[PDB]
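Summary of the model geometry
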There are 2 protein chains.
Amino acid sequence: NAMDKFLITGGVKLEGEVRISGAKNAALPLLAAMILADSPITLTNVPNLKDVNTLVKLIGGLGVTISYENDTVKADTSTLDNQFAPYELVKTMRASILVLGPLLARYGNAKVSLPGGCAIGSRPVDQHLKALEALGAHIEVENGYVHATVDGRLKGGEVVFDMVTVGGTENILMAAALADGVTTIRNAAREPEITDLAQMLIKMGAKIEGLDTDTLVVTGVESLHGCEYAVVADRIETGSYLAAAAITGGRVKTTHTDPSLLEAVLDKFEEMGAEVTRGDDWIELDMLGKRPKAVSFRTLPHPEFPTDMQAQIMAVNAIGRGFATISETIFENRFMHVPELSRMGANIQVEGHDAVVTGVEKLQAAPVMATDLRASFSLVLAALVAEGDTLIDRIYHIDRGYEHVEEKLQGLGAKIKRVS
Amino acid sequence: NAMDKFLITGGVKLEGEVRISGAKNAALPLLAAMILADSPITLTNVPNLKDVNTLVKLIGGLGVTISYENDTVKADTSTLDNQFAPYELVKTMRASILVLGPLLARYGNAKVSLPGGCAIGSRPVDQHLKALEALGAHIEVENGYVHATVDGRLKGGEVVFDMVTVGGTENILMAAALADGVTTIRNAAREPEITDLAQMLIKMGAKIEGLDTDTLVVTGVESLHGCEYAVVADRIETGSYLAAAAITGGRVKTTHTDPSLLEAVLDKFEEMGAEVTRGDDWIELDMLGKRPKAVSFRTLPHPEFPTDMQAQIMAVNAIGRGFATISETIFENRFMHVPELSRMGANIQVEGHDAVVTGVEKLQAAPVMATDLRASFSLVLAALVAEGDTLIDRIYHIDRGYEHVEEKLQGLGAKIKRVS
Ligand SMILES: *[C@](C)(OP(=O)(O)O)C(=O)O
Ligand SMILES: *[C@](C)(OP(=O)(O)O)C(=O)O
Ligand code: NA
Ligand code: NA
Ligand code: NA
Ligand code: NA
Ligand code: NA
Ligand code: NA
Ligand code: NA
Ligand code: NA
Ligand code: NA
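Calculation criteria
- Residues numbered from 1 in each chain as written, not as in the entry; some residues may be left out.
- Chains lettered and ligands numbered in written order.
- Heavy atoms only, no water.
- Pairing = 2+ DSSP bridges.
- Helix = DSSP H or I, 4+ residues; strand = E, 2+ residues; numbered from the N terminus.
- Axes fitted to C-alpha atoms, helices over the stretch in contact; angles between N-to-C directions.
- Contact = heavy atoms within 4.5 Å.
- Buried < 20%, exposed > 50% of the residue type's maximum accessible area, 1.4 Å probe, protein only.
- Near = heavy atom within 4 Å.
- Polar contact = N/O pair within 3.5 Å; in protein donor to acceptor, adjacent residues only side chain to side chain.
- Areas by Shrake-Rupley, 256 points an atom, 1.4 Å probe, with all protein chains shown as cover.
- Nonpolar A, V, L, I, M, F, W, Y, C, P; charged D, E, K, R; others polar.
- Buried area = accessible area lost by both parts, 1.4 Å probe.
- Salt bridge = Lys/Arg side-chain N within 4 Å of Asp/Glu carboxyl O.
- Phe/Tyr/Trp six-rings, centres within 6.5 Å; stacked < 30°, edge-to-face > 60°.
- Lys NZ or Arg CZ within 6 Å of the ring centre and 35° of its normal.
- Parallel < 35°, antiparallel > 145°, perpendicular 65-115°, else oblique.

Some details on the sheet that holds strand β14 (residues 228-230) of chain A
Residues and elements named next belong to chain A. Read across the open sheet, the four strands follow the order β4-β5-β3-β14; overall the sheet is mixed. Since the sheet does not close on itself, it has two edges, and those belong to β4 (65-69) and β14, each with one partner. The average undirected angle you get between the axes of adjacent strands in this sheet is 15 degrees. Relative to strand β5 (residues 72-76), strand β3 (residues 41-44) runs antiparallel, the two being bridged by three bridges. Its bridge partner lying in β5, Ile41 is registered against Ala75. Contacts from helix α2 (residues 50-61) reach β4 and β5 within the one sheet, and its direction differs from that of β4 by about 160 degrees. Contacting β3 and β14, helix α7 (residues 192-203) crosses the sheet at an angle of about 165 degrees to β14.

Written out as structure tokens, the structure is:
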């Protein structure tokens, strides 16, 4: 939907509640894990996102019978007839690579297009392939496809990630679940989407120790069954809507969430001067009509400050008091929103992966262009506080990760319209 | 032209000649300089490129009477009626900012949209603005527009670039040419497009000392007149077509060029094992049917190895003999071709701005996507040597900098077709 734009009038102090959807970043590996199920499997709390639809399409293309209605995906792998992920879908989304592990582990074969570039500057998939080789996979990468094979089951092995990789951890965890023997996975990602995947695998019959730690110990089983599972709440969507309160001086309650998924972010909101109240499954941020204090942060793997909140908190800092330091350590090209925020009057100075934001009293509306998922939400935040009417082009990126975004913001009083 | 593609069959040893067009990177500042001319001005050897057409459109939008036919741009500023460069064109290309200096210097007013992001990761335009302020400009950046004003003429001053900036040097050189007094420009870019601009300004009546050095000394004049000027040959187009010989083991003669514009590149071709012959205005590279030796390089300001040749030489190195240590120092996100070359079988390892290419004997055709101007030519080079039929999507980027690229390559024996 390359032509869609948002038209936003800034200046409304946002107030109300938002129901948080299932995590985009958990839905994708959980969908891939359905390939492992030997009886029908149902996922609920699934957000209606572009990436979800792409992976549902990919899985259907394997021959799996699959339905996606409302927030619910049902899949029956009895009809699966191939292990092929085509270029046309994989170029749409790197996360399509998450089918590699389960296809290989269950069927002994997988052919998946080699991912190309990621707009925000990603590492190649080398670590995913190395991990699978540690379990006995033979991997050829040629004519633009990864060809992975194994005779019989993968074999339990010793996997160690040289750098933290969320997707590599997911891929190998799925593969190890059906391997013959015990697999150790060291330097595993601790992101809670890993834990959510592990819990669903356990519900399906897997044997996994070390949840929420950097060392996962998997005892492979012969087969996994279907189950019903609800996707964990989206911690990034949660932080994003709380940031909408922070930037506008308002008060937003996010329901159907879990503050334990985003403690580092909540701490930063408190440092801004916000009053953060919470319960077991809800959070409220009240900025009390105050200008937030600018807060420094360094993106790092969970449980530290998440890269997927960086652009959004940078936007809040743009109108914050004082100045703040930002360091992106996870991605190589995740400051694409900076020149766009600068068009709206922000004072941001960058050198490589380090940025310094000097907060300004007011932003001014100007036409801007979204470059990636979280950048699009960063520009929405800026537009919500800016003086005047901002047009944001290429807003399609937002649909990869924020369902019903216009509706959710309108419910808080936002003057926002999608033209498409 | 977002959906144009190239379909290339690799494996032909390329042989023949290519007439080199005027430099894209000189045509843009020379076009902007036409704003200074108090009588009709004519540029010849102008390449028919998207960026040229954009700047011609922008200049026409100022009210300047302008015609672009064949390789010739004719302009008469007698009808100029505004000093405004709109968002819609500036978001098309950063180089639209080159009208800022001459508009301000001649008319005392310029309103130019603030450039947003550059795909390959560029610095902001802060240095351009600081330089203009050194000549007495008042600059307000608001509602996404740079508003520059001065009462009467700019005043000669001391300009110092803290980092080399080709566009900043161009903008300030044009502005200084009409200032009242003497301007010193230190740490000036030495790119030969600066020299070409300076020579045209001198032909128009300007007073400029220090050509081809890092210290330009400008004595402002009251007015500049029109002239007829021929754009310097394109050194990057030259290197690009010589690289097509190198990668295919062929023999290509580039005519209408100047080897003194690209000595660092020619030395690297010799290091590959190619026979480079040359005259005053032509070059021939004969690779003698041999596999090139992989060659290391570090991009640096002219006269060192140019960033605008990096992607192309990386493609040649992908099939070369040995390791090539490639270091990019000019742009922050100019390895976007790496994942695409990897899809074709290249062995390239990246860490930040450092890359290591391990040459492979053969590439295999696979669908790939161009991400920027020079990346698109890099993928064309890879497709020309790869085994099979490569489809390159988003080839429109190539039209920003390579005139008649299909025809020029077809003249060398290439099996290349544009579908559009
Ligand atoms: C990268 C991997 O891009 P993609 O999802 O493939 O568009 C990312 O944004 O993380
Ligand atoms: C940057 C500046 O992008 P643009 O020309 O504005 O598309 C570049 O490629 O140098
Ligand atoms: Na993700
Ligand atoms: Na191979
Ligand atoms: Na970068
Ligand atoms: Na800035
Ligand atoms: Na340029
Ligand atoms: Na642009
Ligand atoms: Na301002
Ligand atoms: Na004359
Ligand atoms: Na690689």
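A closer look at the environment of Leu384 of chain B
All names here are of chain B. With respect to the helices and strands, the residue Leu384 is situated in helix α12 (residues 373-385). Overall, the relative accessible area of 3% leaves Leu384 in the buried class. Apart from residues no more than four positions distant in its own chain, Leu384 is found in contact with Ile8, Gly10, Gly11, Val12, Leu14, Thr248, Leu409 and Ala414.

Quick notes on the site of ligand 2
Residues and elements named next belong to chain B. Taken together, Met93, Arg94, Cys118, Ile120, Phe331 and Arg400 are the residues near ligand 2. Within the contact set of ligand 2, an oxygen atom lies 2.9 Å away from a backbone nitrogen or oxygen of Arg94. Measuring from an oxygen atom of ligand 2, one finds a side-chain N or O atom of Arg400 at 2.8 Å. Taken by itself ligand 2 offers 290 Å² of open surface, and the protein chains cover 74% of this. The class makeup of the residues in the shell around ligand 2 is four nonpolar, no polar and two charged.

Details of the interface of chain B and chain A
Every contact between the two is made by 27 residues of chain B and, on the other side, 27 residues of chain A. Contact between chain B and chain A buries roughly 2000 Å² in total, counting both sides, with carbon and sulfur atoms accounting for 41%. Contact with chain A buries area across many residues of chain B, yet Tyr87, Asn143 and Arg343 of chain B alone supply 29% of it, more than any other trio. Linking chain B with chain A are four salt bridges, by the criterion used here. Of the charged contacts in the structure, one is a salt bridge between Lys91 of chain B and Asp393 of chain A, with a shortest N-O distance of 3.9 Å. Inspection of the chain B/chain A interface yields 13 residue pairs in polar contact. The set of elements that each furnish at least two residues to the side of chain B that touches chain A consists of α11 (338-343), β20 (347-351) and β22 (368-369) of chain B. Ranked by the residues each element gives to the side of chain B that touches chain A, the list is headed by α11 of chain B, at four residues.

Quick word on the packing of aromatic side chains
According to the stated counting rule, one finds eight aromatic pairs over all chains in the structure shown. Here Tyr241 of chain B and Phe377 of chain B contribute two aromatic rings whose centre-to-centre distance is 5.6 Å and whose plane-to-plane angle is 85 degrees, an arrangement assigned as edge-to-face. Remark: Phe377 of chain B occurs in helix α12 and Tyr241 of chain B occurs in helix α8 (residues 235-248); sequence separation between them is 136 residues. Across this residue pair, the class does not change: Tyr241 of chain B and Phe377 of chain B are buried. Among the aromatic residues, those joined into a ring-pair cluster are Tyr241, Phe377 and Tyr402 of chain A. Lying over the aromatic face of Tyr145 of chain B, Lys111 of chain B brings its terminal NZ or CZ to 5.0 Å of the ring centre. Stacked on the ring of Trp282 of chain B, the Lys or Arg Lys253 of chain B has its end atom at 5.2 Å from the ring centre.

Some words on the site of ligand 1
Residue and element names in this part refer to chain A. Neighbouring ligand 1 are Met93, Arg94, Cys118, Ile120, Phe331 and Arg400. Between ligand 1 and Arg94 there is a distance of 2.8 Å, counted from an oxygen atom to a backbone nitrogen or oxygen. Within the contact set of ligand 1, an oxygen atom lies 2.8 Å away from a side-chain nitrogen or oxygen of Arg400. Across the complex, the protein chains shield 72% of the 290 Å² of accessible surface that ligand 1 would expose by itself.

Some points on the packing of helix α1 (residues 24-33) of chain A against α2 of chain A
Residue and element names in this part refer to chain A. With their axes 10 Å apart at the nearest point, α1 and α2 run at an angle of 5 degrees to one another. Classified by the interaxial angle, the pair formed by α1 and α2 is roughly parallel. Every residue of α2 that contacts α1 at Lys24, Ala27, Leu28, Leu31 and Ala32 is listed here: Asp51, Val52, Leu55, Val56 and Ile59. When grouped by side-chain class, the residues that make up the contact of α1 with α2 number eight nonpolar, no polar and two charged.

Section: the pattern of salt bridges
All names here are of chain A. This structure, assessed with the given rule, holds 28 salt bridges over all chains. Put simply, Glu284 and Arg251 hold a salt bridge, and the shortest N to O gap is 2.6 Å. Separated by 33 residues along the polypeptide, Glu284 in strand β17 (residues 282-286) and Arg251 in strand β15 (residues 251-255) bring together distant segments of the chain. One continuous salt-bridge network, built from bridges that share partners, spans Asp4, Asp399, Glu406 and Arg418.

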